[PDB]
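I'd like to ask some things about the structure below.
Which chain is which? They are A, B, C, D and E, in the order written, and residues in each are numbered from 1.
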Amino acid sequence: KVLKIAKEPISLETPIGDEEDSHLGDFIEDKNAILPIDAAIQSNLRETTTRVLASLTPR
Amino acid sequence: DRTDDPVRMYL
Amino acid sequence: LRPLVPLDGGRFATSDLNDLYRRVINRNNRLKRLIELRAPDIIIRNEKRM
Amino acid sequence: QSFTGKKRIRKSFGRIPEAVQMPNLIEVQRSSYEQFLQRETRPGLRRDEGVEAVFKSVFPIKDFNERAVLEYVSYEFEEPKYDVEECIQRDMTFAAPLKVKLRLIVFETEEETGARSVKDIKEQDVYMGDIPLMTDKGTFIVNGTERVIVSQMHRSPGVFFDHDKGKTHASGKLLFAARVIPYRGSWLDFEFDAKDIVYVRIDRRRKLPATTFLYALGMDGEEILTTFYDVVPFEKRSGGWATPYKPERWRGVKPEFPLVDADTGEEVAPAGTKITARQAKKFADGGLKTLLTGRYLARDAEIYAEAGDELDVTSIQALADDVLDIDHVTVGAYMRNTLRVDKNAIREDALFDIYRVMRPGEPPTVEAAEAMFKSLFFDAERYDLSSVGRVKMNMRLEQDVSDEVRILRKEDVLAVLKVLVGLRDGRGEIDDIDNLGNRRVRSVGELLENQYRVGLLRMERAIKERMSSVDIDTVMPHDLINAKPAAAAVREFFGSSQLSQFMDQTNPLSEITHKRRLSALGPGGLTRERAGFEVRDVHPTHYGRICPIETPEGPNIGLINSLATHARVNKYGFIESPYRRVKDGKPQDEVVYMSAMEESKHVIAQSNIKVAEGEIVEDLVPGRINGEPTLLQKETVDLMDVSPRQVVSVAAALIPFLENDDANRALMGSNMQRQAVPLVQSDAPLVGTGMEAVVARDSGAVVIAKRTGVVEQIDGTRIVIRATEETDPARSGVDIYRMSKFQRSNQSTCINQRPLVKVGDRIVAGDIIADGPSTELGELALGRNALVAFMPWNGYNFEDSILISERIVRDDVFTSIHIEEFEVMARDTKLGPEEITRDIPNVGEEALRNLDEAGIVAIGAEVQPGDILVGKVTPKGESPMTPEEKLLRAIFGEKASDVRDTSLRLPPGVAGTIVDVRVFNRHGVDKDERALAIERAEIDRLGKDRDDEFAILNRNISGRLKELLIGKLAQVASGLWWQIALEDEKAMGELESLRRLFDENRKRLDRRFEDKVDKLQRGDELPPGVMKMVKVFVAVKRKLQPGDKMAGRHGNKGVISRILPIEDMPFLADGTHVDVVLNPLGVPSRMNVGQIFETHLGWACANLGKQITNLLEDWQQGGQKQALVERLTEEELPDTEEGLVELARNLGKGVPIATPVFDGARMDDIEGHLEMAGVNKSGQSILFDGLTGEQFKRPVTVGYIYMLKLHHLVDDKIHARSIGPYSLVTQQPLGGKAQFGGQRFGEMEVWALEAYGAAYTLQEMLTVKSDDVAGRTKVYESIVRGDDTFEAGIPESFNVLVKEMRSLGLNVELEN
Amino acid sequence: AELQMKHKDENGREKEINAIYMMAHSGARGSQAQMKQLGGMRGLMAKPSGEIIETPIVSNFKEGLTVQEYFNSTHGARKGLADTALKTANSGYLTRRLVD
C-alpha cells in the first residue's frame, strides 16, 4: 500500500501535442454526464410502466 | 533603479 | 471549472488554477501566523509583499 | 552487379563518369554518435567529444572546507542486458550501463602536510545511468517505438558584422552593428548610433557607451586613443608651420589651407587625386610641408599639461610653453566623440555602471562588482566558446591564437572595435547571416553531450553540497553520489524534445530520408512564428550542400530542408561538398572535399563539359566564380563539378525525367515519394533514375550477406549460409540469417522479407540476399504500374481526379496490409481488483464466440467492428437506481450484478483478422492459470528451434571433419568421426583443437538459450498500478476503394474515382485495354512535362518486352533470340550459364530503362527507342471506345506510368457522430476522430450563416446541440417521439464565462 | 504564329487542331505565360535579392535543362512558395477584422 501513491498529478494545461495547441484538457471524457440516448430510454420506460399498470385491479 | 524582484528587495 | 478528475491508471490530473489558490492560501496563513507571533517589521513586510 | 543485375539487366542512358561513388546516406548520424561514445581501450578515448570530454572538463569535486577531491581515471561500457529483438517486444529501453572509476583520495590534508593519511587511493566503481545505444540503422530505440534524432542547424558561434539596410531609422543611413555571439555565454554588441556614437549592450540590456566597457578593462587613459588613431608630430611654433610629413595620406584630399612646400612648389589649386603630387612628394625626399586651430591633441598630456583634447581658440599656454591624425575624408572621429558623452572616468566608475546595468536596483560595491565583470566574460565555466568559434574569429580577424584559449581575450575586443571603426567609414564588406558558411549543424552527439554536461554539473553541485554533512574521514566511495542525479536529464532528452521526434517508418525511402534531415527549430532555434522571410528563402551557397527541392509545403516551408547525396559534415560542424580538382586544361583525378567558406576564393566549372580530348576545347565552359554564374575562360579553372546529381536530395533523385517540370511542382512529387504504403508483390519501375538501387541497398531494409559461403537451404522464415569459400581458420561454422515475418511497423504497416536465392548459387560477400518491404530483386519499388491513357471520360475525371478499371482490383495488385495492435490493462482498484473474466454479465451468448476460456480471442479468429476482444470486468460500487428499474428487476426476478462491463471493443473499421496476442503477468503470479498454453507453446517452439540449430550445426561439423580427415570406409564408420581408432595420431591434435572450439560454441549457444528461457519464465516488469496487460495484433487487408488518394511519380495526385468494369474501359487494338484514365488538362496548368515522356518511354519498353518475350516462347535458348537481346541492350548481357532463360522471364514484363537525373534521354534518343520498339514515331496510338464500340477521330496517348498508393486512405478518413462523450469543464462534444469527435463549427463558418438570412439554424446549432445540457435531451426526446421542436434557455459556455468574470473584481450581474 | 496557323491537309480538309492551343484559347486551364515557358525561351530568371541574373536561360521544359539554369528556377519557385504562405494569413486577419 505504500507504493502507488499518485504523487504530483499532471497539469491539465500541459500541451499534449508538440506545438502549443491541443492541450490535455481536450482529450478528456466526462463520466458524470448522462447521454441523451440514455435519458430518452428512461422516458419510454416510465410511460410503458403506466400503460402496463392498467389491467390490474385498483387495489 | 527598478528591480521587479521581491526576493532581491528582501536581500 | 478547476476539475481534479482521476485519469486512467490512478494518476490524477488537476488544472493549473489550484496552484495559485493554494499558494495564496498558504501565504495568507503564513502572514496570519506572523501577525500573531509579533515578528519583526522586516519579516512581516516581506510577507505582505509576497 | 553480382547476383542483382544478372537476374535483371537495366539499360542506362547518358554519358557521365562513375569514378567516385557516394558514401552511405546514414553515415551522418553514425559518425556523429561514434565520436561521443568511443568504445575503445583504456589508453584511447582521446577527443573533445563524449562523456570523457565533460569528465576531463570538470573531474574534481573539491571542497575548501574539508579539502577533499574526486579524481577521474576512465570509464567502461558494459554489455546490453536486453537485445533489440526483445527490447521491441518488451517495450524496454535499449541502452548500456555506464560505469566510471573515481578515486576519493585527496592530496590536500590538514596542517599543510603532504600526502594524505591513506597513501593508497580508493579506486571505487560507481554506477551511472545507462545511455541509449545506436542501432546499425541509427534508430535510437528508447521505447517500443524507435525514435530518431534529427540534426539541428543554428548560427555559428562567431563574430558577425551586420548592418541594417536603412531600416528602423529616422533618416536613410546604416548602423553597422557587430556581434560577438559565443557558444555558451552572454552575447555582446557594438551597434552604432545615429549621432555617430558607439554604443555597447551586453545581453540586450540598457545601452551605454563603449568607453565604459573599454575603461573596465586594462586599457585606460589615452591608451584607447593611441591604439585607434595615429599621431603626427608638429614643430613647437617654428618659422611658419614646419610639419615633417610624408605623402601616404595626402592622396586624394581637399586642401582647405595652402599646403605648399616650404622649399618647393607643390599643392596645386585643384588638388584632386594628387597622383602627380604624390609622385613629387615621393621624389621630394619626404612629404614635409609648410602651413590649424581645430585639433584634438591626442598627446598623453600635471604642472603644465591637463586633461581633455581641444584648444579650439588660440593654442593657449604658448604650446605648453604629436596632436592627432583625423581628417574628414577617410577616417572619422566616432571613437573620439564617444569619450565626450560618457561621464565615467575612473575604472571603479565603469565597474559600478556595469554592475548597475547588469543587476539593477542594488547598492554596488567594488568587491562584488569586480567579480561580476570578471565572471561575465573572462570566466571559463560561465563564458564558454567552442574551438569552431575561435577558428572562425581567427579567420575573420587574424589573431594567431586558437584551440588554447576559450574565454574572450582582452585584445579581441580592441581588434573588433578597430574593425568596426574601419568598416564604418568604408573599405569593408558585411557578413550575411544566411550564408551557409556561417551555419553549423548540431547532430545528436553534440546535443547529448551538452545535456550530459548539464546533468554532470547538477550532480557535481549536489555532491559538493552533500559532502559537507557526512564526515569525509573514515569514509569510502559509492555512497556520496546521487543514484539518478543526471540520468533523468538524459532520459528526458529522448522522451520530450523538439528535435527527437517520432520515426517515419512507412517505407525504405522514408527511413533513409528522415535521418538526413536538417531542422531549424528546437532548443536554440528560431520559432516558426519568429522565422520571417529571409530564413525560409534559399541562398546561392546551397549548391551541392542542401537540396532546394525536398521541403514540406506546409506552414514551416524552407526550414526542414535535407542534405544532398554527396554532402558531408566536417569535424567542426560545417557542410562539405566534393569538388574534383582540375589543373590547367587537363583535369586531375584527385577529388577533394571543399568547404563552403573555403570555396568562396575559387572558381567552379560545371559538369557536362566536352572531355573528348585531354582538356575542354570549348573554352567557354559555364561556371560560377562566386555565387553568380558567368561565362569564364579555361584559364585558372581549379575546381570542377563531380557529378550532375549532386545538388538534388535522395528523394528527388528518384524522379525520372527531371529538369522538364516546374520547380514548385517537383517539390510536391518529392513529398509524395516518401508517403506510399508498401504494396504486396510490387515491382521495380520501368523508367528508373538508377539511384533506387543504392538507396535500397544502403538503407537498413534488406539483408546482406557477410561472407562468401554458399547457401544450404531456404526455409522461408530463415536462410542458412555456409561458412565461406575462403573462410578463416577456427571461425564460426555457418552464418544463420532469420528473415523478419509480418510485424507491425512504426506507422502501422506490414513489414516482411522474402528470400531470393535457391539451392547452391554461391554468393559473394556484400550482396543482398532477401529483399525488404516494397523491394524486389534489390531494386527499390513503391507501387505497381499500369497502362494509362490521358483523356476525359464522361466527366468522371473532370477535376484533379483519376479513373481506374476493375482489372486493377481483380488481380489484387494494389492491396496492402495494416496492423492496429490494440492493448488493454488490468489495473487494480480501491474497491477490489479487476479480473479478466471469460463471461461478462448481461451479454449475449452469440457474442462470446471465438473467445478462449481465459478471456482472450484465439489467434486467427475473425472479428467484426464492435466485438469483444478481451473480456474484462471491474468491481462497481453500489449506486442508486430509479424506482421503475427496480420494479422491472423485481418483476423479472433477475439480480443486478455488482461488476461493470469494461471489455475492450474494436472501433469502427474493416475489422481484420487477429494475428498475435501477448499477455504479461506480474512477478507474484506467472502462468499460474492464464496463458499457460501460450507459455507451453512458446517453450516448445524455443526447444524446436534450438534442436534444429543444433542439428544443422552438427551436420556442418560432421561435414567439416570429414573433409578435413579425408586427406589422411568412413561411411561404414559413423562413430569414428571424432575418434581415429588407428595407429595414426598426428591428426588427433587438430581434431581436439577443433572439437574444443565446437564444444565451446555449442555451450555458448545453450547458455544463451537458457538465459533466454529464464528471462521468459521470470516475467516482464510492469508499472506498479497495473498487474496484467494484453496486446492484440489485429491485421487488415485493405484494397483499392473509391475515394482513396493515389498520386503518380510526379506532383500529379488525385482521389480515385468510381471504378469501371473491364469491358467499359477503352478497347485498345489487339484486345488490350487501359487500366487508368487520367485528365490531360493538368499539363498546361501545372508546368510538368516529364510525365508524358515517362509514359512514352514506358510504352516503348513495354512493347520491347512484349516483342522479346514472344521470341523466346517459340523455342527456348534460341540463337536468334540472344542476338536480339544483345542488340536491344547497350556487352555483359550474354552469359555462358543457363540463366539466360531466367532473364527473359523478367524481361517479358518490359525491359528496365535507367535514365539519370540530368543526363536523361534526349528527344532523339526516345524517338529512336520508340521507332525500334515498333510503335509509331509520334508516340500516340489509335484507341477504340469500349463503352460504345467506336474509334475516336484523333490520336490518343497511351503508355505505362508508375503509380503510387498514398497513405491517405478513405476508410480511416471517414467519420460520423450523432451522440458521443462530452467535455469535462465546457460540457461540449469532444474533438478528433479518436473517440467520437465532432466537426468544429469554426468562427468563419458562423459568418456564413450570418450572411444568409438563416437565424434559427445558427441559433439551435450553437445552443441545443453542444452548449445547452438541460435542453440537449429535450430535442432528442422530441425527435424520437415524432414532434419537431426545441427550446434553448442559455448555453453553458456563457455561464462558465460569467462565473469566471465574477471570480475577478469585476461584478457581472444580470438584469431584468 | 506557328501554333495558330491552320495546317492544310492534302485531301483538302483540316487534319486537326493543336491540343495546347485549344486549351489556351478556351481559357480553361492553359494560359499565355505557361505555354511560353513550355515552348518558348522562358526569358530570364530572378535571384532572391530582387534583381535579374545576367546569365541567359535559353531553354524550355521540352528540352533538357542544366543544373545552373535550374537553380535560379528553384530559387524563384521557393521565393514564390514562401511569399504565398505568409500573405494568406494577412488576408484571414483582415477578413476577421472587417467582419467585427
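Observations
One rule holds in what follows: a contact is a pair of C-beta atoms (placed from the backbone, for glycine too) under 8 Å apart; a residue touches a chain by one contact, two chains touch by 3 or more.
Chain identities (UniProt): D = DNA-directed RNA polymerase subunit beta.
Note on connectivity: the fewest chain-to-chain touch steps from chain B to chain D number 1. When the interfaces B-C and A-D are ranked by C-beta pairs in contact, the top one is A-D. Overall, the chain located most centrally, as judged by its C-alpha mean against the mean of all protein C-alpha atoms, is D. Inter-chain spacing, taken between the CA centroids of chain C and chain D, is 45 Å.
Averaged C-alpha coordinates give centres for chain B and chain E that are 63 Å from one another. Per-chain Cα centroids separate chain A from chain C by 32 Å. Note: centroid distance chain A to chain E, computed from Cα atoms, is 58 Å. Taken residue by residue, chain B touches two or more other chains at 9, whereas all remaining positions touch fewer. For chain D, the set of residues that touch two or more other chains comprises 1025, 1224-1225.
Among the residues of chain C, those touching two or more other chains are numbered 3, 5, 10-11.
Contacting chain pairs in the structure are A-C, A-D, B-C, B-D, C-D, D-E. Listing the residues of chain A that touch chain C in their complex gives 4, 6, 9-13, 24-25, 28, 31. Remark: chain E residues 16, 19-20, 23-24, 28-31, 34-35, 37-38, 47-48, 53-55, 61-68, 70-71, 73-83, 85-86, 95-96, 99 touch chain D in the complex.
Across the interface of their complex, chain C is touched by residues 6, 9-10 of chain B. Chain C meets chain A in the complex at residues 3-7, 10-16.
Across the interface of their complex, chain D is touched by residues 1-3, 5, 8-9 of chain B.
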